[PDB]
$ cat data.pdb   # PDB, C-alpha atoms (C1' of nucleotides) and all ligand atoms
MODEL        1
ATOM      1  CA  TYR E   4      37.171 249.570  56.879
ATOM      2  CA  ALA E   5      38.914 252.498  55.192
ATOM      3  CA  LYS E   6      37.068 252.533  51.824
ATOM      4  CA  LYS E   7      34.110 254.373  50.340
ATOM      5  CA  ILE E   8      31.682 251.712  49.068
ATOM      6  CA  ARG E   9      28.076 252.904  48.367
ATOM      7  CA  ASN E  10      26.664 249.319  47.899
ATOM      8  CA  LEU E  11      28.017 246.739  50.375
ATOM      9  CA  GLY E  12      25.648 244.127  48.890
ATOM     10  CA  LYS E  13      28.240 243.722  46.075
ATOM     11  CA  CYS E  14      31.285 243.684  48.451
ATOM     12  CA  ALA E  15      32.852 240.937  50.558
ATOM     13  CA  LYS E  16      35.115 241.980  53.452
ATOM     14  CA  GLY E  17      37.720 240.106  55.488
ATOM     15  CA  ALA E  18      40.257 240.969  58.162
ATOM     16  CA  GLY E  19      43.180 239.739  60.211
ATOM     17  CA  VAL E  20      43.425 241.112  63.741
ATOM     18  CA  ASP E  21      47.157 241.170  64.701
ATOM     19  CA  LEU E  22      49.033 238.916  62.335
ATOM     20  CA  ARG E  23      52.416 237.597  63.493
ATOM     21  CA  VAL E  24      54.045 238.266  60.120
ATOM     22  CA  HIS E  25      56.319 241.065  59.058
ATOM     23  CA  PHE E  26      54.557 244.193  58.025
ATOM     24  CA  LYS E  27      56.982 244.949  55.238
ATOM     25  CA  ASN E  28      56.841 241.561  53.524
ATOM     26  CA  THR E  29      53.090 241.381  53.888
ATOM     27  CA  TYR E  30      52.734 244.963  52.633
ATOM     28  CA  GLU E  31      54.733 243.978  49.556
ATOM     29  CA  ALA E  32      52.523 240.942  49.040
ATOM     30  CA  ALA E  33      49.418 243.117  49.338
ATOM     31  CA  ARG E  34      50.819 245.560  46.788
ATOM     32  CA  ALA E  35      51.508 242.689  44.400
ATOM     33  CA  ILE E  36      47.948 241.438  44.842
ATOM     34  CA  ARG E  37      45.914 244.622  44.654
ATOM     35  CA  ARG E  38      43.364 245.142  41.850
ATOM     36  CA  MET E  39      43.498 241.415  41.033
ATOM     37  CA  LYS E  40      40.546 239.105  40.556
ATOM     38  CA  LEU E  41      40.326 237.174  43.833
ATOM     39  CA  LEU E  42      40.941 233.735  42.407
ATOM     40  CA  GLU E  43      43.922 234.966  40.400
ATOM     41  CA  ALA E  44      45.348 236.568  43.546
ATOM     42  CA  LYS E  45      44.896 233.281  45.385
ATOM     43  CA  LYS E  46      46.669 231.434  42.565
ATOM     44  CA  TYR E  47      49.537 233.918  42.671
ATOM     45  CA  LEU E  48      49.864 233.493  46.427
ATOM     46  CA  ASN E  49      49.971 229.728  46.066
ATOM     47  CA  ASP E  50      52.683 230.054  43.422
ATOM     48  CA  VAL E  51      54.741 232.272  45.702
ATOM     49  CA  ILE E  52      54.449 229.835  48.607
ATOM     50  CA  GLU E  53      55.731 227.070  46.259
ATOM     51  CA  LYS E  54      58.469 229.558  45.154
ATOM     52  CA  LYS E  55      57.414 229.712  41.451
ATOM     53  CA  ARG E  56      56.533 233.434  41.108
ATOM     54  CA  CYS E  57      58.068 236.154  43.274
ATOM     55  CA  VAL E  58      56.465 239.149  44.879
ATOM     56  CA  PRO E  59      58.454 242.191  43.782
ATOM     57  CA  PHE E  60      59.787 244.287  46.657
ATOM     58  CA  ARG E  61      59.520 247.809  45.297
ATOM     59  CA  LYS E  62      58.995 250.072  48.351
ATOM     60  CA  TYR E  63      60.760 248.233  51.199
ATOM     61  CA  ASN E  64      63.645 247.064  49.020
ATOM     62  CA  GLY E  65      66.782 247.590  51.152
ATOM     63  CA  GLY E  66      69.058 244.606  50.587
ATOM     64  CA  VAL E  67      66.336 242.361  49.063
ATOM     65  CA  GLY E  68      68.023 240.274  46.402
ATOM     66  CA  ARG E  69      67.789 240.140  42.628
ATOM     67  CA  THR E  70      65.575 237.392  41.410
ATOM     68  CA  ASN E  71      64.980 236.126  37.923
ATOM     69  CA  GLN E  72      61.212 236.177  38.520
ATOM     70  CA  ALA E  73      60.950 239.973  39.057
ATOM     71  CA  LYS E  74      61.184 240.641  35.275
ATOM     72  CA  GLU E  75      57.441 239.780  35.157
ATOM     73  CA  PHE E  76      56.713 243.058  37.016
ATOM     74  CA  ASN E  77      59.332 245.172  35.167
ATOM     75  CA  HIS E  78      61.500 245.093  38.324
ATOM     76  CA  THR E  79      64.856 243.654  39.462
ATOM     77  CA  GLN E  80      64.236 242.713  43.105
ATOM     78  CA  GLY E  81      61.765 240.253  44.529
ATOM     79  CA  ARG E  82      61.160 237.636  47.183
ATOM     80  CA  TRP E  83      58.944 234.706  48.071
ATOM     81  CA  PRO E  84      57.625 235.634  51.526
ATOM     82  CA  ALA E  85      56.049 232.329  52.575
ATOM     83  CA  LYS E  86      54.606 233.025  56.029
ATOM     84  CA  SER E  87      53.133 236.335  54.902
ATOM     85  CA  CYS E  88      51.587 234.680  51.859
ATOM     86  CA  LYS E  89      50.083 231.947  54.028
ATOM     87  CA  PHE E  90      48.514 234.534  56.317
ATOM     88  CA  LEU E  91      47.262 236.489  53.311
ATOM     89  CA  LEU E  92      46.013 233.237  51.746
ATOM     90  CA  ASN E  93      43.999 232.518  54.892
ATOM     91  CA  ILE E  94      42.395 235.933  54.811
ATOM     92  CA  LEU E  95      41.632 235.524  51.065
ATOM     93  CA  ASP E  96      39.948 232.215  51.895
ATOM     94  CA  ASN E  97      37.914 233.955  54.593
ATOM     95  CA  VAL E  98      36.886 236.630  52.090
ATOM     96  CA  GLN E  99      35.859 233.951  49.599
ATOM     97  CA  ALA E 100      33.794 232.208  52.274
ATOM     98  CA  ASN E 101      32.070 235.483  53.106
ATOM     99  CA  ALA E 102      31.290 236.034  49.429
ATOM    100  CA  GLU E 103      29.845 232.522  49.206
ATOM    101  CA  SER E 104      27.688 233.203  52.266
ATOM    102  CA  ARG E 105      26.384 236.282  50.425
ATOM    103  CA  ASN E 106      25.259 235.831  46.790
ATOM    104  CA  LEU E 107      28.524 236.904  45.126
ATOM    105  CA  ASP E 108      30.074 234.823  42.332
ATOM    106  CA  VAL E 109      33.781 234.446  43.168
ATOM    107  CA  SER E 110      34.796 234.571  39.481
ATOM    108  CA  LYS E 111      33.752 238.251  39.218
ATOM    109  CA  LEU E 112      35.336 239.463  42.504
ATOM    110  CA  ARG E 113      38.121 242.027  42.439
ATOM    111  CA  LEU E 114      40.365 242.996  45.370
ATOM    112  CA  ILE E 115      39.426 246.676  45.539
ATOM    113  CA  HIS E 116      41.107 247.394  48.866
ATOM    114  CA  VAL E 117      43.999 245.449  50.272
ATOM    115  CA  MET E 118      45.174 247.422  53.248
ATOM    116  CA  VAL E 119      47.957 246.409  55.557
ATOM    117  CA  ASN E 120      48.517 248.525  58.674
ATOM    118  CA  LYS E 121      51.195 247.882  61.252
ATOM    119  CA  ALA E 122      49.886 246.705  64.630
ATOM    120  CA  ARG E 123      51.279 247.139  68.125
ATOM    121  CA  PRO E 124      54.628 245.361  68.369
ATOM    122  CA  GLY E 125      55.304 242.470  70.748
ATOM    123  CA  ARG E 126      58.407 243.245  72.817
ATOM    124  CA  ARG E 127      61.340 240.913  73.480
ATOM    125  CA  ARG E 128      64.921 241.530  74.603
ATOM    126  CA  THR E 129      68.233 241.005  72.850
ATOM    127  CA  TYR E 130      71.537 241.182  74.682
ATOM    128  CA  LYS E 131      74.471 243.054  73.294
ATOM    129  CA  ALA E 132      77.991 244.007  73.845
ATOM    130  CA  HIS E 133      78.996 245.579  77.155
ATOM    131  CA  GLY E 134      75.902 244.698  79.178
ATOM    132  CA  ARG E 135      73.318 246.420  77.015
ATOM    133  CA  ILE E 136      69.735 245.281  76.593
ATOM    134  CA  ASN E 137      68.021 246.214  73.344
ATOM    135  CA  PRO E 138      64.505 245.602  72.055
ATOM    136  CA  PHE E 139      63.879 242.689  69.677
ATOM    137  CA  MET E 140      60.364 243.568  68.641
ATOM    138  CA  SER E 141      58.098 241.927  66.120
ATOM    139  CA  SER E 142      56.339 244.142  63.585
ATOM    140  CA  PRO E 143      52.928 242.496  63.344
ATOM    141  CA  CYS E 144      50.163 243.926  61.188
ATOM    142  CA  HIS E 145      46.427 244.319  60.631
ATOM    143  CA  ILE E 146      45.132 243.279  57.214
ATOM    144  CA  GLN E 147      41.862 244.569  55.797
ATOM    145  CA  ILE E 148      40.604 243.190  52.495
ATOM    146  CA  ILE E 149      37.587 244.163  50.407
ATOM    147  CA  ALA E 150      36.639 242.035  47.447
ATOM    148  CA  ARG E 151      33.889 243.443  45.223
ATOM    149  CA  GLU E 152      31.806 242.056  42.304
ATOM    150  CA  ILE E 153      32.667 243.693  38.956
ATOM    151  CA  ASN E 154      31.627 243.728  35.236
ATOM    152  CA  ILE E 185      25.303 275.139  31.566
ATOM    153  CA  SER E 186      24.866 278.960  31.278
ATOM    154  CA  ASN E 187      24.290 281.107  28.161
ATOM    155  CA  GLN E 188      23.973 284.959  28.345
ATOM    156  CA  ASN E 189      22.773 287.112  25.397
ATOM    157  CA  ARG E 190      26.035 288.865  24.581
ATOM    158  CA  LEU E 191      27.943 285.591  24.841
ATOM    159  CA  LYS E 192      25.444 283.894  22.517
ATOM    160  CA  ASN E 193      25.789 286.730  20.012
ATOM    161  CA  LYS E 194      29.578 286.435  20.141
ATOM    162  CA  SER E 195      29.360 282.688  19.556
ATOM    163  CA  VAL E 196      27.077 283.229  16.572
ATOM    164  CA  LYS E 197      29.462 285.823  15.138
ATOM    165  CA  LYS E 198      32.390 283.429  15.562
ATOM    166  CA  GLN E 199      30.457 280.688  13.780
ATOM    167  CA  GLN E 200      29.643 283.078  10.930
ATOM    168  CA  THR E 201      33.308 284.062  10.649
ATOM    169  CA  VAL E 202      34.315 280.396  10.523
ATOM    170  CA  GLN E 203      31.763 279.770   7.771
TER     171      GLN E 203
ATOM    172  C1'   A C   1      36.846 242.596  29.834
ATOM    173  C1'   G C   2      40.691 246.388  29.761
ATOM    174  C1'   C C   3      44.032 250.809  31.229
ATOM    175  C1'   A C   4      47.574 252.952  34.783
ATOM    176  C1'   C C   5      55.872 252.363  34.650
ATOM    177  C1'   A C   6      57.868 251.736  39.517
ATOM    178  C1'   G C   7      60.279 254.469  43.339
ATOM    179  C1'   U C   8      60.971 259.409  45.868
ATOM    180  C1'   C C   9      58.337 263.978  47.364
ATOM    181  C1'   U C  10      53.668 266.780  48.299
ATOM    182  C1'   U C  11      48.541 267.706  49.314
ATOM    183  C1'   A C  12      43.498 266.057  50.678
ATOM    184  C1'   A C  13      40.102 262.197  52.217
ATOM    185  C1'   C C  14      39.646 257.692  54.938
ATOM    186  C1'   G C  15      42.124 254.431  58.343
ATOM    187  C1'   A C  16      46.441 252.340  61.729
ATOM    188  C1'   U C  17      50.041 253.732  65.709
ATOM    189  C1'   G C  18      50.210 256.305  70.003
ATOM    190  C1'   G C  19      47.988 258.412  74.292
ATOM    191  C1'   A C  20      48.224 264.321  73.863
ATOM    192  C1'   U C  21      43.950 267.594  74.612
ATOM    193  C1'   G C  22      39.182 268.223  76.973
ATOM    194  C1'   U C  23      35.831 266.407  80.557
ATOM    195  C1'   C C  24      35.814 263.988  85.061
ATOM    196  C1'   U C  25      37.887 262.332  90.435
ATOM    197  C1'   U C  26      36.102 257.350  96.776
ATOM    198  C1'   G C  27      43.253 260.707  95.902
ATOM    199  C1'   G C  28      46.588 264.290  97.432
ATOM    200  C1'   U C  29      48.022 269.001  99.504
ATOM    201  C1'   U C  30      47.580 273.065 102.711
ATOM    202  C1'   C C  31      45.345 275.569 106.716
ATOM    203  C1'   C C  32      41.923 275.364 110.960
ATOM    204  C1'   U C  33      39.764 272.773 115.260
ATOM    205  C1'   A C  34      39.943 268.611 118.872
ATOM    206  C1'   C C  35      42.271 265.320 121.510
ATOM    207  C1'   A C  36      46.614 262.314 122.345
ATOM    208  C1'   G C  37      50.955 257.113 124.351
ATOM    209  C1'   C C  38      51.640 251.975 123.610
ATOM    210  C1'   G C  39      54.410 248.261 126.506
ATOM    211  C1'   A C  40      56.597 242.382 131.462
ATOM    212  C1'   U C  41      48.431 242.718 132.255
ATOM    213  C1'   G C  42      54.066 241.220 126.741
ATOM    214  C1'   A C  43      54.021 246.940 122.838
ATOM    215  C1'   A C  44      55.240 248.549 117.937
ATOM    216  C1'   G C  45      57.618 245.623 114.327
ATOM    217  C1'   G C  46      58.133 240.640 112.134
ATOM    218  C1'   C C  47      56.691 235.726 110.972
ATOM    219  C1'   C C  48      53.196 231.772 110.548
ATOM    220  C1'   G C  49      48.373 230.774 109.913
ATOM    221  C1'   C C  50      42.649 231.347 109.237
ATOM    222  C1'   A C  51      37.386 230.973 103.944
ATOM    223  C1'   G C  52      33.391 225.295 101.250
ATOM    224  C1'   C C  53      35.287 226.519  96.207
ATOM    225  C1'   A C  54      40.611 231.673  98.308
ATOM    226  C1'   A C  55      46.349 234.237  95.226
ATOM    227  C1'   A C  56      47.052 239.501  96.709
ATOM    228  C1'   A C  57      45.406 243.278  99.595
ATOM    229  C1'   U C  58      41.629 243.837 103.448
ATOM    230  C1'   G C  59      40.012 241.575 108.200
ATOM    231  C1'   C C  60      41.104 238.218 111.808
ATOM    232  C1'   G C  61      44.151 234.606 115.518
ATOM    233  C1'   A C  62      43.512 227.268 116.580
ATOM    234  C1'   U C  63      36.570 230.510 119.029
ATOM    235  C1'   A C  64      41.105 232.740 113.003
ATOM    236  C1'   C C  65      37.600 237.314 106.449
ATOM    237  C1'   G C  66      35.101 235.989 112.660
ATOM    238  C1'   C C  67      32.515 234.565 118.637
ATOM    239  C1'   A C  68      29.545 236.953 122.409
ATOM    240  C1'   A C  69      26.834 241.412 123.651
ATOM    241  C1'   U C  70      24.362 245.862 122.141
ATOM    242  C1'   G C  71      21.730 248.994 117.952
ATOM    243  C1'   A C  72      19.793 248.435 113.453
ATOM    244  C1'   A C  73      17.347 244.590 111.298
ATOM    245  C1'   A C  74      15.549 240.338 105.946
ATOM    246  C1'   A C  75      18.478 239.072 103.517
ATOM    247  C1'   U C  76      23.379 236.955 101.737
ATOM    248  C1'   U C  77      24.611 235.693  96.875
ATOM    249  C1'   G C  78      29.774 233.927  91.444
ATOM    250  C1'   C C  79      27.901 228.922  92.701
ATOM    251  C1'   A C  80      27.213 225.958  97.051
ATOM    252  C1'   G C  81      24.767 226.739 101.465
ATOM    253  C1'   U C  82      22.788 229.664 105.644
ATOM    254  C1'   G C  83      18.635 232.624 107.248
ATOM    255  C1'   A C  84      13.915 235.618 108.362
ATOM    256  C1'   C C  85       8.011 235.561 108.520
ATOM    257  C1'   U C  86      13.620 238.456 115.696
ATOM    258  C1'   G C  87      20.183 236.937 120.508
ATOM    259  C1'   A C  88      19.247 233.866 113.883
ATOM    260  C1'   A C  89      21.056 236.580 107.120
ATOM    261  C1'   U C  90      23.685 241.219 106.826
ATOM    262  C1'   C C  91      25.549 245.707 108.689
ATOM    263  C1'   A C  92      27.273 249.040 112.334
ATOM    264  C1'   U C  93      28.584 249.224 117.498
ATOM    265  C1'   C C  94      32.062 246.706 120.444
ATOM    266  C1'   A C  95      32.707 247.405 126.609
ATOM    267  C1'   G C  96      32.365 240.540 127.297
ATOM    268  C1'   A C  97      35.288 236.386 125.607
ATOM    269  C1'   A C  98      39.414 235.206 123.179
ATOM    270  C1'   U C  99      44.098 236.945 121.187
ATOM    271  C1'   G C 100      49.295 231.138 117.161
ATOM    272  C1'   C C 101      55.050 231.805 116.967
ATOM    273  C1'   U C 102      58.002 235.692 117.942
ATOM    274  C1'   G C 103      59.772 240.536 119.107
ATOM    275  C1'   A C 104      62.137 244.849 125.110
ATOM    276  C1'   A C 105      61.846 239.201 124.857
ATOM    277  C1'   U C 106      63.113 237.977 129.707
ATOM    278  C1'   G C 107      65.333 229.988 131.454
ATOM    279  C1'   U C 108      69.983 229.086 128.050
ATOM    280  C1'   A C 109      70.069 229.408 122.657
ATOM    281  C1'   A C 110      69.347 230.613 117.463
ATOM    282  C1'   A C 111      70.720 229.758 109.554
ATOM    283  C1'   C C 112      68.373 225.226 115.592
ATOM    284  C1'   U C 113      60.972 224.867 115.934
ATOM    285  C1'   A C 114      68.031 222.765 119.807
ATOM    286  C1'   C C 115      68.266 222.432 125.122
ATOM    287  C1'   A C 116      67.939 222.809 130.565
ATOM    288  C1'   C C 117      66.070 222.711 135.563
ATOM    289  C1'   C C 118      61.584 223.500 139.179
ATOM    290  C1'   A C 119      56.361 222.786 139.789
ATOM    291  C1'   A C 120      53.579 217.341 137.130
ATOM    292  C1'   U C 121      49.597 220.066 135.011
ATOM    293  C1'   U C 122      44.567 220.325 133.375
ATOM    294  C1'   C C 123      39.467 219.401 133.209
ATOM    295  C1'   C C 124      34.770 217.457 135.140
ATOM    296  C1'   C C 125      31.269 216.235 139.127
ATOM    297  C1'   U C 126      29.676 217.546 145.043
ATOM    298  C1'   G C 127      35.474 214.663 148.462
ATOM    299  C1'   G C 128      35.796 211.298 144.093
ATOM    300  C1'   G C 129      36.273 210.644 138.505
ATOM    301  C1'   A C 130      38.697 211.638 133.946
ATOM    302  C1'   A C 131      42.442 213.131 130.859
ATOM    303  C1'   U C 132      46.877 214.814 128.364
ATOM    304  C1'   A C 133      55.136 215.248 127.918
ATOM    305  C1'   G C 134      50.637 218.878 127.864
ATOM    306  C1'   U C 135      50.662 223.484 131.013
ATOM    307  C1'   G C 136      52.892 227.128 133.859
ATOM    308  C1'   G C 137      57.594 229.124 136.115
ATOM    309  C1'   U C 138      63.035 230.364 136.072
ATOM    310  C1'   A C 139      66.764 237.047 132.741
ATOM    311  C1'   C C 140      69.243 241.304 134.426
ATOM    312  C1'   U C 141      69.019 245.841 137.401
ATOM    313  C1'   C C 142      66.343 247.866 141.263
ATOM    314  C1'   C C 143      62.829 249.050 145.681
ATOM    315  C1'   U C 144      59.989 247.728 150.323
ATOM    316  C1'   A C 145      59.184 243.773 153.547
ATOM    317  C1'   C C 146      60.599 238.810 155.404
ATOM    318  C1'   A C 147      64.143 234.737 156.128
ATOM    319  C1'   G C 148      68.072 232.285 158.352
ATOM    320  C1'   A C 149      73.273 232.166 157.811
ATOM    321  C1'   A C 150      77.955 235.428 157.451
ATOM    322  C1'   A C 151      81.682 239.906 160.055
TER     323        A C 151
HETATM  324 MG    MG F 301      54.067 255.732  39.687
HETATM  325 MG    MG F 302      54.750 259.346 127.322
HETATM  326 MG    MG F 303      26.708 238.167 116.940
HETATM  327 MG    MG F 304      20.474 241.806 117.620
HETATM  328 MG    MG F 305      64.467 233.573 125.159
HETATM  329 MG    MG F 306      74.260 225.229 115.377
ENDMDL
END
$ encode --input "data.pdb" --output "structure tokens"
Amino acid sequence: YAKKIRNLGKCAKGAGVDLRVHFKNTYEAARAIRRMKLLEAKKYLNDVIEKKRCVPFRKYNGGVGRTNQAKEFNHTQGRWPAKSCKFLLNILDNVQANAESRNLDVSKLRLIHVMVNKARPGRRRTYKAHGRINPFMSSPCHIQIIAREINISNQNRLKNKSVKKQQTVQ
RNA sequence: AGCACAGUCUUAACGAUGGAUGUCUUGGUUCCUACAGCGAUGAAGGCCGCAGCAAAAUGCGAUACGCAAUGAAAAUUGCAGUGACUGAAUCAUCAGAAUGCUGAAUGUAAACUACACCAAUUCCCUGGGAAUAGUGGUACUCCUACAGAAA
């Protein structure tokens, strides 16, 4: 895991190996999540899967629409990536389970590190035009998540100068 | 419990992606030396097989990842099983035995497992007693010899 931690007794990790979801959507979701209390994040994810609150697409925002929900995050564009959220939800659940297994109270857990990397793409073919084969690759991703429990030198001359200054001020 | 606008750009740290670099190396390459042909006694090439659980390659040929014999010589192992306390398990050696269907392919054929014709053939026992439609043979050219016919 990419973080600096010090005390892993207070942390709960969780990963997804090679998730068959789009990196960009899931990245966006992760961004939306990060620095949330775990339960709140979970709630948010559930809302997005039932299309009630959007995830705002701020970085990878080419063509993404113009939802009414994005006002909540001071933004115009947003989406409700379902599959991505589901995958993320699963990994959140895993994290929660891990925390439980340890002695971490899930109320006090913050997502300190939600990392999404892109994984090696699965290759397929698409057929175009005048007998031209093109790639039709997935962009799967690795997800790492870390929840975490939360609550000179003087000198004589210099000294003299200082004293003088003080006197002057007085 | 709070606080960071977001995006773009940059730097550093820590990761992903990728397979560079370095290190290897049962491979190649070159040169040198040595021998040097296989085949109607069916070659090379090709098919089809063959393992207890077996695809490829490797090896082998209805005795089919091997038989005999020789020289090692106690194991072989994924499991099953087979062996030792030396013709036995495994290696090498390989001279004996065997070597499917083809292929020059050669009885006529050939996108045929098509078809002829001549021998019936084969084994066992010391002259009989058993098998099996199975096994051989038959190309063209040529040579020597023989044959009885032709001018
Ligand atoms: Mg900003
Ligand atoms: Mg010669
Ligand atoms: Mg032997
Ligand atoms: Mg021996
Ligand atoms: Mg023939
Ligand atoms: Mg025909």
$ residues_near_point --input "data.pdb" --point "(53.0, 247.0, 46.5)" --cutoff "12 Å" --atoms "all atoms listed in the file" --output "list in words"
residues 26, 27, 28, 29, 30, 31, 32, 33, 34, 35, 36, 37, 38, 58, 59, 60, 61, 62, 63, 64, 76, 78, 81, 117, 118 and 119 of chain E; 6 and 7 of chain C
$ write_last_selection --input "data.pdb" --atoms "C-alpha atoms (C1' of nucleotides)" --output "PDB file, keeping the file's coordinate frame"
ATOM      1  CA  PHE E  26      54.557 244.193  58.025  1.00  0.00           C
ATOM      2  CA  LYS E  27      56.982 244.949  55.238  1.00  0.00           C
ATOM      3  CA  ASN E  28      56.841 241.561  53.524  1.00  0.00           C
ATOM      4  CA  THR E  29      53.090 241.381  53.888  1.00  0.00           C
ATOM      5  CA  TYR E  30      52.734 244.963  52.633  1.00  0.00           C
ATOM      6  CA  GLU E  31      54.733 243.978  49.556  1.00  0.00           C
ATOM      7  CA  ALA E  32      52.523 240.942  49.040  1.00  0.00           C
ATOM      8  CA  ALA E  33      49.418 243.117  49.338  1.00  0.00           C
ATOM      9  CA  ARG E  34      50.819 245.560  46.788  1.00  0.00           C
ATOM     10  CA  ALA E  35      51.508 242.689  44.400  1.00  0.00           C
ATOM     11  CA  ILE E  36      47.948 241.438  44.842  1.00  0.00           C
ATOM     12  CA  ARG E  37      45.914 244.622  44.654  1.00  0.00           C
ATOM     13  CA  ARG E  38      43.364 245.142  41.850  1.00  0.00           C
ATOM     14  CA  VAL E  58      56.465 239.149  44.879  1.00  0.00           C
ATOM     15  CA  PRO E  59      58.454 242.191  43.782  1.00  0.00           C
ATOM     16  CA  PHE E  60      59.787 244.287  46.657  1.00  0.00           C
ATOM     17  CA  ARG E  61      59.520 247.809  45.297  1.00  0.00           C
ATOM     18  CA  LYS E  62      58.995 250.072  48.351  1.00  0.00           C
ATOM     19  CA  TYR E  63      60.760 248.233  51.199  1.00  0.00           C
ATOM     20  CA  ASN E  64      63.645 247.064  49.020  1.00  0.00           C
ATOM     21  CA  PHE E  76      56.713 243.058  37.016  1.00  0.00           C
ATOM     22  CA  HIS E  78      61.500 245.093  38.324  1.00  0.00           C
ATOM     23  CA  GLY E  81      61.765 240.253  44.529  1.00  0.00           C
ATOM     24  CA  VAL E 117      43.999 245.449  50.272  1.00  0.00           C
ATOM     25  CA  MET E 118      45.174 247.422  53.248  1.00  0.00           C
ATOM     26  CA  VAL E 119      47.957 246.409  55.557  1.00  0.00           C
TER      27      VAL E 119
ATOM     28  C1'   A C   6      57.868 251.736  39.517  1.00  0.00           C
ATOM     29  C1'   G C   7      60.279 254.469  43.339  1.00  0.00           C
TER      30        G C   7
END
$ atom_distance --input "data.pdb" --atom1 "CA of residue 40 (chain E)" --atom2 "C1' of residue 5 (chain C)"
21.1 Å
$ atom_distance --input "data.pdb" --atom1 "CA of residue 111 (chain E)" --atom2 "CA of residue 21 (chain E)"
28.9 Å
$ resolve_selection --input "data.pdb" --expression "the PyMOL selection byres (((chain E and resi 92-97) around 7) and not hetatm)" --output "PyMOL selection string"
chain E and resi 17-19+45+48+88-91+98-101
$ residues_around --input "data.pdb" --residues "residue 138 (chain C)" --least-positions-apart "5" --cutoff "10 Å" --atoms "only C-alpha atoms (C1' of nucleotides)" --output "PyMOL selection string"
chain C and resi 106-107+117-118
$ write_last_selection --input "data.pdb" --atoms "C-alpha atoms (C1' of nucleotides)" --output "PDB file, in the coordinates of the input"
ATOM      1  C1'   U C 106      63.113 237.977 129.707  1.00  0.00           C
ATOM      2  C1'   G C 107      65.333 229.988 131.454  1.00  0.00           C
ATOM      3  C1'   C C 117      66.070 222.711 135.563  1.00  0.00           C
ATOM      4  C1'   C C 118      61.584 223.500 139.179  1.00  0.00           C
TER       5        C C 118
END
$ interface_residues --input "data.pdb" --of "chain C" --to "chain E" --cutoff "12 Å" --atoms "only C-alpha atoms (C1' of nucleotides)" --output "PDB file with C-alpha atoms (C1' of nucleotides), in the frame of the given file"
ATOM      1  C1'   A C   1      36.846 242.596  29.834  1.00  0.00           C
ATOM      2  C1'   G C   2      40.691 246.388  29.761  1.00  0.00           C
ATOM      3  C1'   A C   4      47.574 252.952  34.783  1.00  0.00           C
ATOM      4  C1'   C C   5      55.872 252.363  34.650  1.00  0.00           C
ATOM      5  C1'   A C   6      57.868 251.736  39.517  1.00  0.00           C
ATOM      6  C1'   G C   7      60.279 254.469  43.339  1.00  0.00           C
ATOM      7  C1'   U C   8      60.971 259.409  45.868  1.00  0.00           C
ATOM      8  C1'   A C  13      40.102 262.197  52.217  1.00  0.00           C
ATOM      9  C1'   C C  14      39.646 257.692  54.938  1.00  0.00           C
ATOM     10  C1'   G C  15      42.124 254.431  58.343  1.00  0.00           C
ATOM     11  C1'   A C  16      46.441 252.340  61.729  1.00  0.00           C
ATOM     12  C1'   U C  17      50.041 253.732  65.709  1.00  0.00           C
ATOM     13  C1'   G C  18      50.210 256.305  70.003  1.00  0.00           C
TER      14        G C  18
END
$ residues_near_ligand --input "data.pdb" --ligand "ligand MG 303 (chain F)" --cutoff "8 Å" --atoms "all atoms listed in the file" --output "PDB file with C-alpha atoms (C1' of nucleotides), in the coordinates of the input"
ATOM      1  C1'   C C  67      32.515 234.565 118.637  1.00  0.00           C
ATOM      2  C1'   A C  68      29.545 236.953 122.409  1.00  0.00           C
ATOM      3  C1'   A C  69      26.834 241.412 123.651  1.00  0.00           C
ATOM      4  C1'   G C  87      20.183 236.937 120.508  1.00  0.00           C
TER       5        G C  87
END
$ residues_near_ligand --input "data.pdb" --ligand "ligand MG 304 (chain F)" --cutoff "8 Å" --atoms "all atoms listed in the file" --output "list in words"
residues 70, 71, 72, 73, 86 and 87 of chain C
$ atom_distance --input "data.pdb" --atom1 "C1' of residue 56 (chain C)" --atom2 "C1' of residue 44 (chain C)"
24.5 Å
$ resolve_selection --input "data.pdb" --expression "the PyMOL selection byres (((not hetatm)) within 12 of (chain F and resi 305))" --output "PyMOL selection string"
chain C and resi 102-110+115+138-139
$ residues_near_ligand --input "data.pdb" --ligand "ligand MG 302 (chain F)" --cutoff "12 Å" --atoms "only C-alpha atoms (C1' of nucleotides) and all ligand atoms" --output "PyMOL selection string"
chain C and resi 36-39
$ write_last_selection --input "data.pdb" --atoms "C-alpha atoms (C1' of nucleotides)" --output "PDB file, in the frame of the given file"
ATOM      1  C1'   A C  36      46.614 262.314 122.345  1.00  0.00           C
ATOM      2  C1'   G C  37      50.955 257.113 124.351  1.00  0.00           C
ATOM      3  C1'   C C  38      51.640 251.975 123.610  1.00  0.00           C
ATOM      4  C1'   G C  39      54.410 248.261 126.506  1.00  0.00           C
TER       5        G C  39
END
$ residues_near_ligand --input "data.pdb" --ligand "ligand MG 306 (chain F)" --cutoff "9 Å" --atoms "all atoms listed in the file" --output "MDAnalysis selection string"
chainID C and resid 110:112 114
$ resolve_selection --input "data.pdb" --expression "the PyMOL selection byres (((chain E and resi 57) around 7) and not hetatm)" --output "ChimeraX atom specification"
/E:51,54-56,58-59,72-73,81-83
